[PDB]
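Chains as they are written, first to last, in my numbering: chain A, 2 to 107; chain B, 48 to 587; chain C, 3 to 527; chain D, 2 to 537; chain E, 479 to 538.
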Ligand SMILES: Nc1ncnc2c1ncn2[C@@H]1O[C@H](COP(=O)(O)OP(=O)(O)O)[C@@H](O)[C@H]1O
Ligand SMILES: Nc1ncnc2c1ncn2[C@@H]1O[C@H](COP(=O)(O)OP(=O)(O)O)[C@@H](O)[C@H]1O
Ligand SMILES: Nc1ncnc2c1ncn2[C@@H]1O[C@H](COP(=O)(O)OP(=O)(O)O)[C@@H](O)[C@H]1O
Ligand SMILES: Nc1ncnc2c1ncn2[C@@H]1O[C@H](COP(=O)(O)OP(=O)(O)O)[C@@H](O)[C@H]1O
Ligand SMILES: [Mg+2]
Ligand SMILES: [Mg+2]
Ligand SMILES: [Mg+2]
Ligand SMILES: [Mg+2]
């Protein structure tokens with residue numbers, strides 16, 4: 002059968018379990034969303050993004066740096082979180098390639 | 048169906064027996080067993096897709112949204128937010144397999160789920176669940192003895208590490224770190240061989256420090272026959288490399304002494320003040336002079352120190368580390384051959400450790416520094432430094448290497464090895480079928496069911512590898528019966544041969560025996576339950 | 003009724019009075035019995051209860067099950083209480099007591115419904131209870147030979163019986179050997195605190211073990227503990243109640259100095275105090291050191307340098323077991339550490355047991371203690387294993403003090419039913435019905451065995467009534483054959499005190515429940 | 002729930018059987034306290050202050066608001082006993098509940114419900130046979146006092162108990178009055194043709210038996226006489242009102258000079274009909290329809306008594322009793338409209354009688370048949386309703402005694418004898434059906450047990466003495482006269498009830514057993530229950 | 479359920495079930511014996527068998 006689509010639900014109120022096709026669906030759409038977000042900043046004619054934070058300070062940033070853009074976004078997709086952490090690690094290792102790695106993974 | 052006792056007295060007077068009987072639930076009899084079996088079947092069918100080299104991973108998200116990608120059944124069922132008590136029993140089962148063995152955490156769950164799935168049909172046919180549990184116990188005894196029978200032995204010496212690298216590679220075949228398969232297996236082997244009383248005695252994993260740092264490549268993961276610390280030298284102008292380092296390990300902060308008892312030193316005159324002043328000066332100088340006179344070229348404190356001590360260390364050419372943790376202090380002592388000193392007066396040239404290299408290591412554009420201590424003579428401690436492109440693969444590599452270390456440990460405890468690829472399960476299923484042909488008719492259905500359940504691991508391996516379960520399993524079973532060869536299993540990697548003894552697919556005999564024993568015992572405790580009474584309140 | 007201007011009791015007082023109240027009490031007791039019925043016997047099942055916190059408990063033990071049921075019925079609380087009392091005085095029979103009490107009530111329900119005065123019923127119950135108790139004391143088999151092999155056989159069989167209903171029945175011979183080995187080591191009070199029961203998750207039941215010595219889990223070691231050795235081949239053991247670390251010499255102590263030389267002297271004095279304690283501990287010859295109180299990092303490293311072993315924060319019970327096994331005394335002061343107060347074992351080790359680190363003191367020949375180390379795949383698996391072993395251990399203790407055995411499978415129940423039927427056929431005719439009802443009630447144990455096993459309880463009870471009326475006293479249910487059998491020869495042995503106390507408690511509960519004629523619930527504040 | 006996914010609850014196995022038994026037991030405990038000469042009455046308050054006092058088990062279970070189906074079954078059982086017999090409505094419920102109780106006890110012991118049902122069916126058959134063969138008394142051997150004794154036994158436990166000494170006479174007389182013979186010359190006693198009126202006021206002892214008929218009606222006009230001696234009675238099933246043209250008839254005037262005559266016929270038509278009636282000699286005219294004031298004036302001037310809105314059943318009874326013919330129309334087979342004096346009935350008197358500020362009509366000494374009315378007189382409407390119900394039970398009992406001329410003794414005699422005989426008879430039938438038949442036997446004892454319990458006496462001792470007597474009767478052929486022994490609840494001692502006069506119609510006990518057995522079997526077959534949530 | 483688990487296609491299961499159905503129709507036809515409607519005893523026995531399962535079986 003299946004964990005969720007079973008006659009009895011085996012989970013606490015609020016949990017969930019995306020199976021084979023639904024899992025790859027969420028994963029691919031999230032990663033590709035992250036990638037399509039961070040591209041268009043790629044290359045000499047790349048354009049910047051605005052990081053209009055909604056906090057009580059409403060910090061404002063204008064960046065073409067993929068690492069900063071991905072750090073400063075509220076992600077809820079786990080695959081997108083993976084790509085975000087990957088760009089952060091790229092920024093730590095070297096100082097360039099965070100958008101190239103993000104776009105490549107996507 | 049539920050709601051415990053419902054009568055409300057024949058006379059018409061209130062009938063209240065249990066507290067919140069109206070809010071409480073209860074399931075009795077065969078329907079309770081069927082609910083248990085469905086829950087276990089769901090858990091097992093979730094896990095069976097993470098089984099074998101071609102097994103896939105699961106991405107767990109915690110309460111605060113952190114992601115963990117893993118193939119480890121124990122880690123999955125621990126990260127899994129279950130509310131069904133039978134699912135909790137299966138989580139406990141997998142955790143138990145991890146505690147005792149450190150591998151098999153996914154096989155146990157699949158096998159227990161299969162045993163209960165077969166008990167479902169046996170109960171449908173009308174057999175008492177206890178008779179099912181007893182037939183399963185009997186068949187489990189048969190399979191355990193048959194494992195002892197078909198088992199093989201491997202050499203656990205440090206001169207021929209190939210059987211151990213093969214075992215560790217089999218363990219790490221199913222994990223994401225098989226991209227550096229042998230590189231990972233080798234170091235797991237060397238780790239357990241470095242830290243072990245190899246007289247078939249224990250392996251203390253506290254002597255293996257598994258450290259991870261984002262950055263680098265998986266290929267950079269390595270074994271340091273020594274220690275790594277997340278600290279740097281105390282002063283920024285000290286040297287970043289020390290060769291032939293004589294180490295003084297200290298748990299005394301380089302600060303003026305202070306009694307533990309409530310004390311009040313009274314200053315009553317300018318002379319008392321000047322005496323205090325020079326006392327402080329002379330204490331700092333005397334500490335540094337005591338550290339120098341022992342001959343040390345490096346100091347390692349546990350409790351941090353102050354500006355005067357730091358500058359005196361620099362001035363006297365004494366590189367020094369501060370704020371090292373108790374466990375790291377212990378590991379440095381064990382590795383360098385040094386003794387931990389609580390005060391400077393007790394410091395001597397013999398209590399010092401020796402490290403052939405103490406280095407400060409950078410990590411690119413980070414500002415983060417680490418301290419490596421290595422090239423010790425006979426370090427009984429070791430570190431596995433893991434690198435990678437994201438924290439997910441680093442943590443998965445950590446747990447995968449833990450599996451490999453536990454496997455090498457189990458080899459050091461018992462050198463006997465059974466051959467995997469589902470071959471051991473097929474052979475045990477054959478043995479149980481044979482012994483069932485001899486028992487009285489009624490415990491024969493339960494032994495045949497145990498055999499059909501043992502056959503779920505080969506089916507799962509074939510299925511995850513795209514093969515047809517029934518076809519492949521029947522063919523390899525027929526071959527096993529004809530040519531006596533309990534090394535015939537599922538070619539998950541499609542190397543052509545079905546002979547796992549040739550493919551170097553190796554499991555530990557204690558591992559398989561523990562899988563079988565744990566699955567059978569927990570299936571017994573589950574079939575023995577026929578009533579449930581949850582709070583059922585749906586509270587907050 | 004009418005509404006008074008000033009009512010007598012507080013508004014909300016619920017009073018149930020008369021024959022309906024009594025029949026309702028009996029029905030509540032029937033409910034409580036039903037809640038544990040299916041746990042009876044080798045074919046018995048376990049119950050899973052879940053608390054408000056969401057923690058599940060799985061048990062075959064009737065006392066446990068009833069403790070977990072949040073029973074609030076004043077009359078049904080009595081069955082819970084008598085199951086508790088059974089677990090107290092004996093340790094087995096908790097389900098049998100509840101079944102017997104509820105069946106007494108069920109059997110007298112018809113006569114209660116037709117207005118029979120309860121005093122008559124309680125008189126009949128008291129009479130039949132005395133008769134059945136004296137009959138058990140009369141026909142109980144007590145071998146008067148004091149032979150050691152037969153006295154170990156008897157305990158082994160009684161333990162196997164007490165365990166042939168649990169999830170460890172498939173190893174019950176195994177566990178029975180250990181249980182006897184366990185209780186045959188305790189000295190004269192057979193203290194349960196003198197038997198240690200550790201639960202190490204991971205492993206199989208057969209991987210469980212008994213250590214004729216002591217074992218306890220590693221206790222929050224400091225730095226240097228891995229530099230210590232972990233095996234000793236004839237160690238002397240210093241058991242202490244001593245905090246070994248740099249500390250305020252006293253909490254109400256205040257040092258006052260006016261000189262840096264005095265300051266230095268005070269610092270060195272603290273250090274010399276500690277080092278003096280450590281030097282006394284070291285010169286006593288003790289290579290192993292255990293403290294009920296912490297042992298600091300300084301002391302840890304000190305003992306590591308002297309090639310000694312140290313463990314602090316050891317629990318009081320584990321310390322007393324180490325004492326009773328190794329043979330020393332616990333010292334709050336280290337100033338007189340003679341070999342008289344030091345302990346000794348043939349082997350000390352620290353090993354890994356299923357993810358945990360455990361210290362084993364093994365080889366103690368003068369040991370008045372044993373330690374069970376139980377393996378299993380779940381906290382509740384191991385907990386029910388512990389409960390099963392507690393049943394077996396209490397059984398073995400009671401048998402040691404009185405080796406007077408009867409047979410099980412309902413053999414004794416059928417014999418007492420026969421004797422009481424016979425007795426009832428010789429009395430006027432009012433007590434006749436009630437004592438015959440007592441007799442018919444006693445039949446619930448073999449009946450429930452057959453039910454839980456999946457037989458035709460009617461036919462089997464007919465066979466038993468016949469074989470017990472033809473001559474034959476230990477014939478009861480044979481479960482694996484779905485038949486009857488001489489259970490005394492099949493070795494289904496049960497200490498007589500078990501059934502004696504079961505009848506006593508069940509009859510007392512029935513008499514109490516039947517004497518209540520009114521229930522008055524006051525409103526809760 | 003779970004796998005099924007049905008939108009409802011499901012009880013299964015011992016649970017639902019226990020529930021069914023609890024429900025039946027509840028219903029039986031409701032009525033147990035109202036059984037026998039020592040049973041007591043019940044109040045029932047209808048959530049609005051409407052009060053009902055009663056001892057009738059069928060009435061009690063009708064007024065209750067029951068939700069459980071296993072309890073609705075017993076309510077319907079009491080209703081069926083009340084329809085088919087008229088007595089035994091409480092005993093049948095108690096017996097069905099006890100059969101359910103013991104049968105569920107057997108099913109708990111894992112005797113299959115089919116076997117319990119087979120045993121119950123066998124025991125019912127053999128109990129019926131044993132009654133019909135050994136426990137019946139012919140009322141011919143006893144005469145008329147047998148009817149009085151049966152009436153008194155039925156009236157014991159009611160509010161006309163101690164006065165039975167006199168009420169039974171009335172009851173017996175009433176049935177004898179309404180006796181009529183049909184084709185095959187078989188005598189039929191169609192009670193519900195005895196009229197029963199209630200009138201609070203004078204004591205019960207002043208209740209009246211009218212040889213004739215009593216109508217809860219009065220004359221239509223205060224100018225009419227209120228007593229007529231040589232009553233010639235005309236029973237009409239049509240109304241005497243101003244004539245209205247029917248739906249498909251319209252008056253359309255095109256010459257005003259005709260309008261007057263048309264209006265005049267609207268009344269003269271009715272006048273002519275009344276004149277025809279009065280032309281025959283009819284002094285009393287009862288009609289199911291209405292009578293306009295215009296017509297009442299004709300009756301007034303003729304010296305006649307007209308009564309309107311009489312009930313069809315009262316009219317049928319007055320017609321049958323007086324010799325009259327109910328006419329729906331004054332129309333003959335000759336296409337004209339006339340009224341013959343042969344269509345009249347006769348009666349030696351018709352009066353408007355005063356009864357506690359409320360008048361009724363009394364038709365006394367009708368010829369062509371005797372009829373019967375009973376005016377019950379008590380302290381208030383509650384008592385009067387209880388008296389009506391008690392009297393209906395007594396009338397039904399006397400009717401059954403007269404149709405089938407067999408009676409059985411009371412006081413638990415029949416149940417004790419059957420308990421003995423069936424506990425001895427079970428030994429021959431199977432091994433499990435044996436247990437079922439023994440339990441049927443033991444269940445039958447719930448009647449004397451309950452009688453003694455209600456009398457506040459030692460049920461155990463009394464029923465044991467009963468069974469001892471009846472065993473002596475069934476094992477000693479010289480002592481069969483002991484069969485007639487049953488309970489004496491005024492002294493707590495067995496007694497020869499055939500000589501004491503405690504008789505019950507055989508059909509009462511027979512039907513009680515048959516219906517109780519079928520009800521128990523019906524409920525005892527349920528092993529599952531699916532209670533769906535309401536559609537809304 | 480278990481067939482699907484083995485890794486068989488629902489189409490194969492359905493067709494093999496049709497095969498087993500045809501064979502079972504053959505088998506049941508072979509088992510059967512013909513009857514004449516005049517055989518009142520066979521009719522009474524068929525009706526009794528049909529009624530054995532129902533509440534009306536003591537009245538069969
Ligand atoms: N003059 C140029 N002609 C062609 N390509 C260029 C030129 N200058 C820069 N690039 C390309 O533009 C890219 C800039 O990428 P960048 O936005 O820094 O990516 P990331 O943020 O991933 O480092 C580089 O990959 C480089 O190949
Ligand atoms: N290279 C391989 N070839 C064939 N079978 C393998 C191979 N590696 C692992 N397996 C099988 O896959 C199963 C699952 O192993 P793995 O997923 O590594 O750990 P766990 O047993 O904890 O799931 C084992 O029973 C083993 O028989
Ligand atoms: N092997 C056996 N054969 C028959 N009866 C047994 C056997 N072992 C135990 N019994 C019986 O099972 C009954 C209940 O066992 P259990 O429920 O574990 O004990 P208790 O309810 O007394 O705590 C006892 O009457 C005992 O005599
Ligand atoms: N005078 C009497 N003496 C002894 N028993 C009686 C007497 N009158 C009635 N009984 C018994 O009481 C039972 C029930 O009577 P009753 O309650 O009046 O009728 P029902 O059962 O229809 O309500 C009858 O079966 C009858 O045997
Ligand atoms: Mg593995
Ligand atoms: Mg026991
Ligand atoms: Mg009556
Ligand atoms: Mg049918």
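Backbone N, C-alpha and C fix where the C-beta goes; we use that ideal spot for every residue, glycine too.
What first and last residue would you give for the alpha helix (DSSP H) that runs through residue i?
{"i": "residue 357 of chain B", "result": "354–362"}
{"i": "residue 362 of chain C", "result": "It is not in any alpha helix (DSSP H) - residue 362 of chain C instead sits in the beta strand (DSSP E) that spans 358–364."}
Count the other CB atoms within 10 Å of the CB of residue i; is the residue buried (16 or more) or exposed (fewer)?
{"i": "residue 514 of chain B", "result": "buried"}
{"i": "residue 357 of chain D", "result": "exposed"}
{"i": "residue 265 of chain C", "result": "buried"}
Using a Cβ-Cβ cut-off of 8 Å, state whether residue i counts as contacting chain C.
{"i": "residue 58 of chain B", "result": "yes"}
{"i": "residue 571 of chain B", "result": "yes"}
Between the C-alpha atoms of residue i and residue j, what's the straight-line distance to the nearest angstrom?
{"i": "residue 92 of chain A", "j": "residue 377 of chain B", "result": "35 Å"}
{"i": "residue 449 of chain D", "j": "residue 460 of chain D", "result": "8 Å"}
{"i": "residue 31 of chain B", "j": "residue 429 of chain B", "result": "Given a span of 48 to 587 for chain B in the structure shown, any question on residue 31 of chain B remains unanswerable."}
{"i": "residue 407 of chain D", "j": "residue 140 of chain D", "result": "6 Å"}
With 8 Å as the threshold, decide whether the Cβ of residue i is near any Cβ in chain D.
{"i": "residue 483 of chain E", "result": "no"}
{"i": "residue 116 of chain C", "result": "yes"}
Under a CB-based cut-off of 8 Å, is residue i close to chain E?
{"i": "residue 119 of chain D", "result": "yes"}
Within 8 Å of any Cβ in chain B, is that where the Cβ of residue i sits?
{"i": "residue 494 of chain C", "result": "no"}
{"i": "residue 541 of chain D", "result": "Residue 541 of chain D is absent from the model: chain D starts at 2 and stops at 537."}
In this structure, how does DSSP classify residue i when only helix, strand and coil are distinguished?
{"i": "residue 44 of chain A", "result": "coil"}
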